[PDB]
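**Student:** Take this structure, written in structure tokens, and hold onto it; I'll ask about it next.
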Amino acid sequence: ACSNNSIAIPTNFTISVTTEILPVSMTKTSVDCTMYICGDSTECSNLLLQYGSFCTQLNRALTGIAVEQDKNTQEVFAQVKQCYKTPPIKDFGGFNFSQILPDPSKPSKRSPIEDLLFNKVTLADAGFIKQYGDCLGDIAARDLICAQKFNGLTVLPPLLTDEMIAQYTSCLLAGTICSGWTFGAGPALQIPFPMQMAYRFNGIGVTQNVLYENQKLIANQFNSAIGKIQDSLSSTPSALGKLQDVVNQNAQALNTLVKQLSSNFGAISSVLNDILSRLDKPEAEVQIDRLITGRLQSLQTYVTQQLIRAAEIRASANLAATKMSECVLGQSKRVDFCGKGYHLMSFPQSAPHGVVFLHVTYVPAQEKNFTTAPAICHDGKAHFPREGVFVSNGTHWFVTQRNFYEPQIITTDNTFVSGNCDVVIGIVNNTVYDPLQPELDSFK
Amino acid sequence: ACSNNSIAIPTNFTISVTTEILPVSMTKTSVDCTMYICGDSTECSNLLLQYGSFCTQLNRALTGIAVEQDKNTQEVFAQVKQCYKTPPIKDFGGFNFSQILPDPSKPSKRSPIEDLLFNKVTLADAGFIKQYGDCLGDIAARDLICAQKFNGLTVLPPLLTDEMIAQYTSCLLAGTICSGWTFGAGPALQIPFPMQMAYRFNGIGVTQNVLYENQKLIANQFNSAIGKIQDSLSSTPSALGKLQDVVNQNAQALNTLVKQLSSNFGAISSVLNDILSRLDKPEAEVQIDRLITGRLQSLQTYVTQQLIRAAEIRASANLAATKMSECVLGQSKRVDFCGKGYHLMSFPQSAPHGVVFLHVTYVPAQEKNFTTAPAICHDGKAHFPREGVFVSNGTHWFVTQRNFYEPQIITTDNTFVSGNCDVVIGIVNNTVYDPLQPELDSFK
Amino acid sequence: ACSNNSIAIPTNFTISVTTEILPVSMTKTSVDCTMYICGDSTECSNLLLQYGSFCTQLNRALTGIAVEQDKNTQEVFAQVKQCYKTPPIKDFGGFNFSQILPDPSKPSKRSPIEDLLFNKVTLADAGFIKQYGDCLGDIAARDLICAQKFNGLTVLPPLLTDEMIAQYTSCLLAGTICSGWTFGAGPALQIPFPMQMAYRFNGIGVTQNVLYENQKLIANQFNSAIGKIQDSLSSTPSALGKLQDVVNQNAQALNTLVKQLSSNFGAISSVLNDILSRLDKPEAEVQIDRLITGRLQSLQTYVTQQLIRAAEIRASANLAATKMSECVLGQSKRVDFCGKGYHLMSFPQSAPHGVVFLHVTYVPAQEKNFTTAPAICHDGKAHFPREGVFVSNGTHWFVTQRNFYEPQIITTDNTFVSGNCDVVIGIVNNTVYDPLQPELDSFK
Amino acid sequence: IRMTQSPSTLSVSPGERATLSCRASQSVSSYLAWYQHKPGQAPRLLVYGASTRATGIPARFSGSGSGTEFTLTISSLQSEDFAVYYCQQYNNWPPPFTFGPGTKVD
Amino acid sequence: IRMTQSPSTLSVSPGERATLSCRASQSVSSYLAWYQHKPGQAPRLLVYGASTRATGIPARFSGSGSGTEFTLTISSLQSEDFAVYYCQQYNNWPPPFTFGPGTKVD
Amino acid sequence: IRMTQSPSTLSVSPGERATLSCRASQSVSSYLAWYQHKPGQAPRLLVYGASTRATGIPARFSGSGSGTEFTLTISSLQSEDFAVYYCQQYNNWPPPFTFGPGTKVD
Amino acid sequence: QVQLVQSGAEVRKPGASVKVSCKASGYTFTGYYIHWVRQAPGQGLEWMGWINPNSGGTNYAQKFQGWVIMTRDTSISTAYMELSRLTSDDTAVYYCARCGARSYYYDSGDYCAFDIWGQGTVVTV
Amino acid sequence: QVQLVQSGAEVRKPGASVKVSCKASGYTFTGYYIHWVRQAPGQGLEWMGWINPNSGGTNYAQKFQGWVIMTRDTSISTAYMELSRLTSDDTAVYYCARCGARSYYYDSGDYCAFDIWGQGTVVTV
Amino acid sequence: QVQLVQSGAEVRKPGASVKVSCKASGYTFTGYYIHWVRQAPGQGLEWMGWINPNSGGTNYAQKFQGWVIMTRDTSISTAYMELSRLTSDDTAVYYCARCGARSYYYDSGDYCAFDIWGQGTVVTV
Ligand SMILES: *[C@@H]1O[C@H](CO)[C@@H](O)[C@H](O)[C@H]1NC(C)=O
């Protein structure tokens with residue numbers, strides 16, 4: 001597919017909306033050393049002194065995991081600090097943002113897409129997280145009372161609540177749809193959305209007249225894609241596979257940990273005091289040491305699994321953060337990085353422990369090849385196009401942009417003269433219309 | 001602050017000069033193992049064999065700190081190797097560079113700003129550094145003689161002297177003020193300073209005609225800012241807080257180290273030989289071991305404090321180096337990174353153990369919103385601006401650039417025809433002036 | 001060289017071809033623990049249990065070296081996955097690519113430059129690699145039989161064969177010479193090579209009319225450079241110094257390793273069984289332990305030398321990969337990074353354990369200084385150039401681009417009016433030709 | 001080194017995906033293999049390495065995992081897939097080649 | 001672990017900023033707290049953690065530092081700020097909770 | 001620490017480049033020096049450090065290498081270059097300053 | 001409303017048991033660790049140990065091991081500390097404090113700093 | 001064509017030598033390690049050891065050290081395993097397998113996984 | 001002008017003391033470490049030890065510990081090395097050198113390489 005006298009240019013273009021889901025954080029947890037090792041024991045100073053080192057190491061690992069998760073979510077969801085109020089209007093030049101812009105009427109202050117994501121992503125009722133949330137009672141004074149039941153197992157609340165994440169997402173949506181984002185600082189000057197889209201088309205290499213002559217078509221395509229994405233998310237269960245899989249993995253890890261907690265292993269009973277009460281001290285020592293070793297091994301397996309999951313989530317959060325930095329805050333020059341085609345705009349939305357990007361993609365189609373000539377000779381003087389290339393449809397010659405087919409007649413304003421026709425190789429004979437000639441001839 | 005038919009553009013602009021001070025290096029130091037542990041002892045082979053490991057580790061740490069500092073200062077102050085002679089002229093199109101360009105008449109070959117920075121940043125006379133400098137005698141043969149007094153405490157001279165740093169800074173100033181710097185290689189082709197400033201304005205998104213019509217105003221603003229920055233530096237003592245604080249911290253660390261050196265701790269006397277002379281060997285062993293342990297602990301505290309300070313200075317030097325790479329050698333696209341606004345130019349200057357950047361900042365002001373229309377219909381044919389947007393001042397329509405308010409009448413050369421007026425949404429009825437029509441009518 | 005009323009612009013330009021050779025991989029090798037430590041011994045379980053730890057560590061190190069080499073070569077030679085067929089034509093607008101494009105007629109499917117590189121880069125016949133290749137017999141079942149001869153010394157075949165590397169290089173050459181490469185995805189739309197070169201000149205800051213008026217000269221220069229580079233490679237032996245030096249270093253390391261393998265050190269004989277047969281067990285234990293320690297130290301020296309060489313080759317491969325990413329797949333904005341001047345295009349070719357880049361370099365020459373003026377006054381109205389600067393050849397004034405000397409007469413289409421002549425500083429008095437005036441005067 | 005498999009038995013209907021987990025006390029890297037041993041036939045190799053399948057093994061069998069934990073998955077349980085699954089470690093260090101406890105399927 | 005404070009006493013005029021340094025033998029991370037003990041009153045918590053202040057504590061008190069070295073600063077010394085300052089370490093490892101030697105102010 | 005040189009002797013014609021390798025049991029960093037000892041004259045310093053030459057030493061002598069392996073190269077062997085080459089390590093740890101076995105040239 | 005109340009000053013002969021009662025008001029007795037510290041005349045503060053009011057777990061330091069017994073009474077919300085074998089060096093002031101000020105984020109329940117203290121009981125041999 | 005053949009079931013009195021013969025066909029006998037495994041009734045698999053048919057090197061486990069003697073015959077390609085001092089706990093099934101499936105890239109000859117096995121010999125005490 | 005001068009060749013009976021004097025000229029005697037090395041016939045060089053002319057600190061190797069006593073005379077700038085218990089294996093050539101060539105940057109005074117040496121004294125038992 002190579003030629004020395006032909007050029008292939010697109011004829012038609014399409015606008016698509018793609019959804020990219022990326023997890024950003026998990027459910028933080030911690031274990032109490034003074035209660036996991038000790039348990040319901042009247043005196044456990046010697047046991048604590050014997051077995052506190054590994055417990056402290058595991059607690060440090062859990063603290064590192066929690067701080068890494070909090071740092072990741074803060075980095076991915078707090079890139080911009082400046083903010084301003086929401087736009088009351090929902091339509092901008094025919095584009096419908098009802099599913100994206102939050103609805104102030106609803107007390108949740110969320111979006112229909114966000115509401116669907118929150119409803120379709122839940123947690124198992126028969127889980128440790130749900131029981132801990134029910135027993136917490138929305139008070140920090142009762143944390144230890146319930147932690148005694150779970151032997152120090154606690155769920156650390158996230159640093160940023162759902163309301164803060166929703167507010168940040170709404171502010172980002174306002175800054176993207178309205179006005180714009182500069183490379184740094186904060187929001188840019190107020191500009192109408194069609195003008196911003198025309199600027200984006202100019203950035204990707206398409207003249208704004210294409211948008212201005214096809215505003216209705218692109219608006220209809222965007223509305224259809226927005227309407228279809230909600231149905232696709234609601235119907236297809238595999239769309240939200242990543243977040244649901246992560247939640248289920250965390251829930252099953254916690255469930256198997258708490259199940260192994262109640263296991264008696266190879267002792268008379270799980271009660272530490274009963275072993276020493278019903279047995280002599282020399283035998284009770286090993287009968288408790290075996291239980292301690294089993295619990296420590298189970299906790300080590302849980303913490304190494306949590307470390308692996310935390311590393312994976314950290315990688316995913318870094319990918320999400322760099323995607324937001326490159327595509328959300330500004331136009332991205334990379335091809336197929338955000339969507340399949342040319343990235344135009346991104347509309348982030350929040351989901352339980354995740355972020356969804358609605359990438360807008362420009363896709364050329366119906367590529368056609370036409371004969372091209374480097375220069376046109378009219379009166380023994382080479383003419384070169386100012387911005388574009390010469391394309392012949394078969395009988396006539398026109399000047400068109402590289403990335404689109406916009407046949408325009410040859411005029412003295414679209415071309416400039418330089419040199420003679422003999423020097424240039426590939427010269428083609430054609431007539432260059434001068435608009436002054438008919439006006440001067442009309443006088444006669 | 002969102003609308004679908006209005007656009008906000010700046011009306012006025014201001015030029016400011018900001019000063020950014022960043023430390024790049026510290027005072028390197030080292031300790032002699034054969035003299036710190038031994039001291040004024042006739043025979044100390046056994047003590048050296050006993051206590052040389054930690055001394056060697058500390059010496060390696062100090063060597064690493066010194067090499068890191070030297071690498072940092074070399075990286076930050078030797079980015080460009082090519083050089084050429086200074087410009088004898090001090091005025092370039094009305095801009096005054098007297099305070100920036102070095103004065104060949106003065107033997108110091110420095111600038112008034114550099115002279116003020118050197119004078120206002122000094123070191124305490126009653127310090128170890130000053131005493132070592134006085135005792136050195138500008139000869140390397142006397143280093144050991146004076147190091148014996150300080151028990152191996154020596155001040156390593158910097159790899160690059162003040163003269164070399166001043167020459168590099170002057171060369172960078174010449175390369176920035178005149179000609180230019182390309183992305184690599186060396187100096188660019190010679191070009192007048194106003195033309196370079198116009199190119200910078202074109203880069204930031206402002207037409208050069210704005211500079212050419214406001215050269216006097218921007219020159220006066222730059223001169224006023226340059227004059228005021230010297231008074232601000234001379235009057236306000238907190239401007240140079242970072243360098244003075246670093247110097248004072250190093251001086252007080254050295255002072256407390258040398259004060260703890262003379263401490264007798266818990267022995268009869270600080271003299272090692274006196275302890276063994278006035279006491280039997282078994283008791284003298286521990287009476288010397290306690291002093292050795294105390295000195296080793298003091299040296300460990302000093303070296304860990306020096307390591308922390310070296311890490312902080314390394315971070316600061318990396319920040320300074322990347323700032324110089326992004327802003328000094330070329331225009332930076334980031335907003336508010338170099339100053340508060342749009343970065344234009346940087347004029348680095350040297351200060352004792354630091355670099356000061358004089359960032360030039362362009363700041364828009366008096367933002368005003370005007371009604372805008374995507375296209376103008378004149379004779380049933382849509383017209384679109386080639387470079388700019390349509391702005392209405394309330395009664396009449398004009399074409400203006402996005403980043404500035406330059407009302408220009410609508411003419412056939414500033415707009416191009418494409419399509420019909422019915423397809424485009426937002427068309428506005430207006431008359432497009434044709435310059436050929438009055439010339440043709442004058443004939444009749 | 002500083003002035004306020006003079007600008008320096010180039011007058012002539014040259015096109016050069018530079019060759020950059022970079023190694024990408026080495027000859028992977030591994031050692032068998034069950035045979036190196038044991039050897040020709042009937043029973044060696046105790047010796048293996050005694051001396052397997054360090055052997056396992058060295059096997060792990062060798063495996064890491066091999067996987068690093070394979071990852072490096074895969075990264076450097078598999079950047080792009082999409083591919084399409086070769087262009088049958090060898091001439092594109094006068095440019096000759098016979099030495100670059102592979103010849104389908106030859107069964108090797110290589111290029112004359114690639115054939116010369118393969119022929120001039122060989123390996124010593126009296127080496128371990130050649131003997132292992134001869135003894136392998138192109139079958140994996142005989143690997144252990146020959147490894148027994150070399151005591152576990154084996155040569156790991158590369159993951160990518162020469163055919164795959166040649167195919168990837170040919171595909172990259174097709175994608176560069178024909179059509180183009182976008183920032184991501186795959187090949188771009190089809191475009192003639194002269195048009196792509198004109199686009200490259202526009203990217204570097206040169207109008208395409210310069211290429212269109214000097215196509216023959218640049219084509220002749222490129223052909224001459226291509227013809228001369230083959231003679232330079234064939235004649236000068238130091239051009240291929242890096243690859244030959246690396247190959248010789250690897251060969252001599254393997255040769256000295258195998259020579260030390262046959263050394264008897266300080267025992268009766270190199271045979272392990274003979275030592276225990278001719279001596280009692282207590283003495284045979286140490287007589288075999290000394291041989292094991294000597295061989296073990298030799299293997300440690302070999303593996304640490306291999307680690308150093310692998311680190312160096314990894315650095316070189318990273319440099320080659322980033323050079324290919326920046327220059328081969330697209331235009332590079334850095335100056336003197338690819339060649340000495342302005343980078344235009346790159347044509348990678350494969351060589352034994354290396355990649356050669358044929359960087360195309362644009363070099364300006366004959367720099368000349370001319371008087372320049374910011375603005376021109378014709379009828380009491382300041383005129384500014386749309387794209388270019390005002391240059392005086394001594395008597396007359398013209399408008400020329402910044403990076404080249406293209407004297408064009410002043411016309412109303414190359415300049416725009418803004419403001420009055422009094423405000424601007426540096427105004428020059430000159431006449432601006434209006435093309436409409438002679439046409440209107442011809443009527444009278 | 002100790003190898004432990006999970007679960008002990010499975011009740012999977014024909015034509016249904018199933019999975020089996022395996023783990024080790026310490027890191028094993030990719031030196032793990034899965035073996036299928038029938039009551040009346042010698043054990044055969046199914047997956048060697050991290051995820052590479054042996055010759056003659058249908059694509060239904062697959063392997064995944066790393067570090068200390070691996071998993072073996074089957075797209076559809078059939079009559080021929082009624083045997084015991086074992087984990088074999090061929091890491092040179094430690095010299096012993098510990099096997100898996102075994103897992104039954106149905 | 002050993003905790004040492006500095007200096008032993010201060011002579012600061014009223015309405016003047018003052019600082020007190022504290023250090024440990026080994027790394028303590030952010031598990032350090034500052035306690036103010038009056039001669040006639042029980043010690044009270046002023047700053048817990050690296051720089052977080054306790055409830056009811058005026059903004060005049062502040063804390064800084066990390067690793068092994070911390071500092072406590074007061075914007076203005078007053079009559080209520082005449083007590084002894086102690087450093088408390090609540091790191092689980094080592095189990096003992098070593099206190100500070102104490103520092104007087106005036 | 002043990003220092004070993006290579007080779008034991010050389011047969012190099014006048015006006016020809018020659019090289020000599022030196023190595024240590026463990027890492028030495030840049031604390032290595034090359035000494036030339038004539039049969040009738042005291043040893044003299046040629047290259048101190050990694051590659052720095054001593055004062056009065058002609059540019060023909062040069063040094064290279066790092067880590068544990070170093071090399072000394074001569075552009076042209078002359079009559080004055082007929083002596084024994086030794087490697088000296090002045091690293092403080094270990095305290096002993098081990099020398100090189102020696103290498104003859106011709 | 002939260003307050004910790006200690007018993008008054010008491011004097012005991014050497015080699016005798018000293019019973020110090022610490023009571024808490026204004027908050028739930030269970031769910032918060034209670035620690036004891038000793039301040040010697042002219043010396044620093046030493047952490048004697050801690051008791052969990054929820055379960056009853058007691059952990060003492062090596063120096064104070066055996067000499068100190070801590071009991072809890074959740075019915076009246078008291079923490080009774082009993083010292084045995086009174087030594088002449090035991091003359092000091094004993095304070096009871098509640099471990100709080102816990103960072104609800106990034107931290108677990110074990111790491112805490114005392115926020116509320118008692119009044120102080122002085123014992124003389 | 002490749003196949004491993006083992007001897008039939010044999011019964012020996014305790015404290016006696018058992019000679020198990022393993023034969024390989026369809027490929028070259030030398031150049032591939034041969035290993036032996038033991039499967040106990042109701043227990044797992046234990047790797048007894050390995051023998052190199054090329055040289056003759058034998059490596060056994062600590063538990064099976066001394067009790068197992070491995071000999072080779074390349075003329076007829078047989079790997080004889082001799083057990084001595086038969087114990088009542090030795091009742092199991094012995095399999096001989098060839099170590100293969102080696103990753104020709106990134107791996108050496110030592111690391112391999114068995115791809116072809118034998119038939120299995122059952123011994124009863 | 002800098003030069004190191006050693007004493008002439010001397011012969012001593014076994015089990016006697018040998019006094020070797022090293023003098024320095026052209027530079028200040030104090031402020032530069034002076035080291036001693038031994039070259040045996042047919043063997044390598046061994047660093048006997050060092051002495052500081054400024055203070056007087058002497059450090060010897062383990063092998064040469066006790067046998068060697070180093071004294072200084074700053075008045076005439078001479079370093080005296082006194083041997084003891086002359087053994088038949090002590091026959092060698094003793095050189096005195098000054099440690100210099102110090103990198104004034106990146107390095108301290110301890111790390112140095114000898115730049116100027118003596119003449120060499122040969123002793124025979
Ligand atoms: C530049 O500034 C200096 C210092 O204020 C002044 O002396 C000099 O005249 C100025 N140059 C001008 C105004 O051209």
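Ordered as shown in the structure tokens, chains take letters A, B, and onward, while each chain numbers its residues from 1 and ligands are numbered from 1 in the order shown.
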Counting only C-alpha atoms and all ligand atoms, which protein, DNA or RNA residues come within 9 Å of ligand 1, given as a count of residues only?
**Tutor:** 11
**Student:** Near residue 34 (chain E), counting only C-alpha atoms, which residues have an atom at most 8 Å away, once you skip same-chain residues fewer than 6 positions from it, shown as JSON, numbers by chain?
**Tutor:** {"E": [45, 46, 47, 48, 72, 85, 86, 87, 88]}
**Student:** Write a file of the selected residues as a CSV table (one decimal), in the first residue's frame, keeping N, CA, C and O atoms.
**Tutor:**
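In the end it all went to result_17.csv:
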```csv
chain,number,residue,atom,x,y,z
E,45,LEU,N,-2.0,16.7,78.3
E,45,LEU,CA,-1.5,16.5,77.0
E,45,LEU,C,-1.7,17.8,76.2
E,45,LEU,O,-2.7,18.4,76.1
E,46,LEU,N,-0.6,18.2,75.5
E,46,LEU,CA,-0.5,19.4,74.7
E,46,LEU,C,-0.5,19.1,73.2
E,46,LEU,O,-1.3,19.5,72.4
E,47,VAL,N,0.5,18.3,72.8
E,47,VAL,CA,0.7,17.9,71.4
E,47,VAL,C,0.9,16.4,71.4
E,47,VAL,O,1.8,15.9,72.0
E,48,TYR,N,0.0,15.7,70.6
E,48,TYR,CA,0.2,14.2,70.4
E,48,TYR,C,0.5,14.0,68.9
E,48,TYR,O,-0.1,14.6,68.1
E,72,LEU,N,9.2,21.5,70.3
E,72,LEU,CA,8.0,22.1,70.7
E,72,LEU,C,8.2,23.6,70.9
E,72,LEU,O,9.1,24.0,71.5
E,85,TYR,N,8.1,20.3,81.0
E,85,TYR,CA,7.8,19.6,79.8
E,85,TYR,C,8.4,18.3,79.7
E,85,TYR,O,9.6,18.1,80.0
E,86,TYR,N,7.6,17.3,79.4
E,86,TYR,CA,8.1,15.9,79.3
E,86,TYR,C,7.8,15.3,77.9
E,86,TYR,O,6.8,15.7,77.3
E,87,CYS,N,8.6,14.4,77.4
E,87,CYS,CA,8.4,13.7,76.2
E,87,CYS,C,8.0,12.3,76.5
E,87,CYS,O,8.6,11.6,77.3
E,88,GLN,N,6.9,11.8,75.9
E,88,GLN,CA,6.3,10.5,76.2
E,88,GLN,C,6.3,9.7,74.8
E,88,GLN,O,5.8,10.2,73.8
```
**Student:** Residues at most 7 Å from region 24-28 of chain G, counting only C-alpha atoms, excluding those fewer than 2 positions away in the same chain, as JSON, numbers by chain?
**Tutor:** {"G": [1, 2, 3, 4, 5, 22, 30, 77, 78]}
**Student:** Show which residues sit within 12 Å of residue 29 (chain I), as number ranges by chain. Count only C-alpha atoms, and ignore same-chain residues fewer than 6 positions away.
**Tutor:** B: 141-142, 144-145; I: 2-4, 22-23, 51-55, 72-79, 98
**Student:** Using only C-alpha atoms, determine which residues lie at most 8 Å from residue 106 (chain E), disregarding the query and same-chain residues fewer than 4 positions distant; provide the list as a ChimeraX atom specification.
**Tutor:** /E:9-13,82
**Student:** Return the single residue from A:93, A:430, A:419, A:107 that is closest to residue 216 (chain A), with distances computed using only C-alpha atoms.
**Tutor:**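 Comparing A:93, A:430, A:419, A:107 against residue 216 (chain A), the winner is A:93.
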**Student:** Show me, as a PyMOL selection string, the residues of chain C whose atoms get within 9 Å of chain D, using only C-alpha atoms for the distance check.
**Tutor:** chain C and resi 33+48-49+52-53+56
**Student:** Go ahead and save the residues from that selection, with C-alpha atoms, as an mmCIF file, in the first residue's frame.
**Tutor:**
```
data_model
loop_
_atom_site.group_PDB
_atom_site.id
_atom_site.type_symbol
_atom_site.label_atom_id
_atom_site.label_comp_id
_atom_site.auth_asym_id
_atom_site.auth_seq_id
_atom_site.Cartn_x
_atom_site.Cartn_y
_atom_site.Cartn_z
ATOM 1 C CA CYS C 33 24.783 -27.366 39.260
ATOM 2 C CA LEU C 48 26.171 -31.479 46.250
ATOM 3 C CA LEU C 49 24.617 -31.012 49.692
ATOM 4 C CA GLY C 52 24.989 -26.367 46.273
ATOM 5 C CA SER C 53 24.058 -23.025 47.853
ATOM 6 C CA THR C 56 22.311 -22.036 43.097
#
```
**Student:** Taking only C-alpha atoms into account, report as number ranges by chain which residues of chain E lie within 6 Å of chain G.
**Tutor:** E: 45, 97, 99, 101
**Student:** Would you mind listing, for every residue of chain B within 10 Å of chain I, the two atoms forming the shortest contact and the distance between them in Å to one decimal, using only C-alpha atoms, sorted by chain and ascending residue number, as a tab-separated table?
**Tutor:**
```
residue	atom	partner	partner_atom	distance
B:28	CA	I:106	CA	8.8
B:29	CA	I:108	CA	8.7
B:30	CA	I:108	CA	6.0
B:31	CA	I:108	CA	6.9
B:32	CA	I:110	CA	5.8
B:33	CA	I:110	CA	6.7
B:34	CA	I:110	CA	6.7
B:35	CA	I:57	CA	8.8
B:38	CA	I:57	CA	7.7
B:39	CA	I:57	CA	8.2
B:40	CA	I:55	CA	6.0
B:41	CA	I:57	CA	5.7
B:42	CA	I:57	CA	4.5
B:43	CA	I:57	CA	5.2
B:44	CA	I:59	CA	6.5
B:45	CA	I:59	CA	4.6
B:46	CA	I:59	CA	8.3
B:47	CA	I:59	CA	9.9
B:48	CA	I:59	CA	8.3
B:49	CA	I:59	CA	9.5
B:59	CA	I:108	CA	8.3
B:60	CA	I:107	CA	9.6
B:62	CA	I:106	CA	9.2
B:63	CA	I:106	CA	6.0
B:64	CA	I:106	CA	8.4
B:65	CA	I:106	CA	9.3
B:66	CA	I:106	CA	6.2
B:67	CA	I:106	CA	6.0
B:68	CA	I:106	CA	9.7
B:70	CA	I:106	CA	8.5
B:140	CA	I:104	CA	7.9
B:141	CA	I:31	CA	6.7
B:142	CA	I:31	CA	6.4
B:143	CA	I:31	CA	7.3
B:144	CA	I:31	CA	4.9
B:145	CA	I:31	CA	5.1
B:146	CA	I:31	CA	8.7
B:147	CA	I:109	CA	9.0
B:148	CA	I:54	CA	8.0
B:152	CA	I:109	CA	8.2
B:153	CA	I:108	CA	9.5
B:154	CA	I:108	CA	8.0
B:155	CA	I:108	CA	9.4
B:156	CA	I:105	CA	6.4
B:157	CA	I:105	CA	6.7
B:158	CA	I:105	CA	7.4
B:159	CA	I:105	CA	6.6
```
**Student:** Counting only C-alpha atoms, which of C:275, C:80, C:191, C:428 gets nearest to chain A?
**Tutor:**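 Smallest distance to chain A is found for C:191.
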**Student:** Quick one: which residues from chain C are at most 9 Å off chain A, using only C-alpha atoms, as a tab-separated table (two decimals) with C-alpha atoms, in the first residue's frame?
**Tutor:**
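Below is the file out-v6.tsv, written as the result:
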```tsv
chain	number	residue	atom	x	y	z
C	84	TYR	CA	2.39	-4.58	6.28
C	85	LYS	CA	4.06	-5.78	3.11
C	86	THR	CA	7.22	-4.35	1.60
C	87	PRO	CA	7.09	-1.74	-1.19
C	88	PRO	CA	8.33	-3.29	-4.45
C	89	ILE	CA	9.60	0.07	-5.73
C	92	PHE	CA	10.80	7.49	-4.07
C	93	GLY	CA	11.16	10.85	-5.80
C	178	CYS	CA	6.53	4.82	3.36
C	179	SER	CA	3.47	6.37	5.04
C	182	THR	CA	2.00	8.30	14.69
C	183	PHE	CA	2.50	8.85	18.43
C	184	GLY	CA	1.03	5.47	19.27
C	185	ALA	CA	-1.26	2.99	17.53
C	189	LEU	CA	-2.05	7.15	6.29
C	190	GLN	CA	-0.23	6.65	3.00
C	191	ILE	CA	1.74	9.69	1.81
C	192	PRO	CA	4.49	10.17	-0.80
C	193	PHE	CA	8.01	10.34	0.60
C	194	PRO	CA	8.77	13.88	-0.72
C	195	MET	CA	5.62	15.14	1.02
C	208	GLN	CA	8.36	23.21	2.16
C	209	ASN	CA	9.05	25.40	-0.88
C	212	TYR	CA	10.39	21.59	-3.53
C	213	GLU	CA	12.91	23.95	-5.14
C	214	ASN	CA	15.93	21.90	-3.97
C	215	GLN	CA	14.67	18.32	-4.25
C	216	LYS	CA	17.40	17.33	-6.72
C	413	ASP	CA	-0.60	40.15	1.74
C	436	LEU	CA	-4.10	45.90	-7.05
C	440	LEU	CA	-6.12	49.22	-11.75
```
**Student:** May I ask for the distance between CA of residue 6 (chain F) and CA of residue 50 (chain F), given in Å to one decimal place?
**Tutor:**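 CA of residue 50 (chain F) lies at a distance of 17.8 Å from CA of residue 6 (chain F).
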**Student:** Mind checking which residues fall within 8 Å of residue 265 (chain A), counting only C-alpha atoms, ignoring those fewer than 2 positions away in the same chain, and posting them as a list in words?
**Tutor:**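 Surrounding residues, per the criterion: residues 263, 267, 291 and 294 of chain A.
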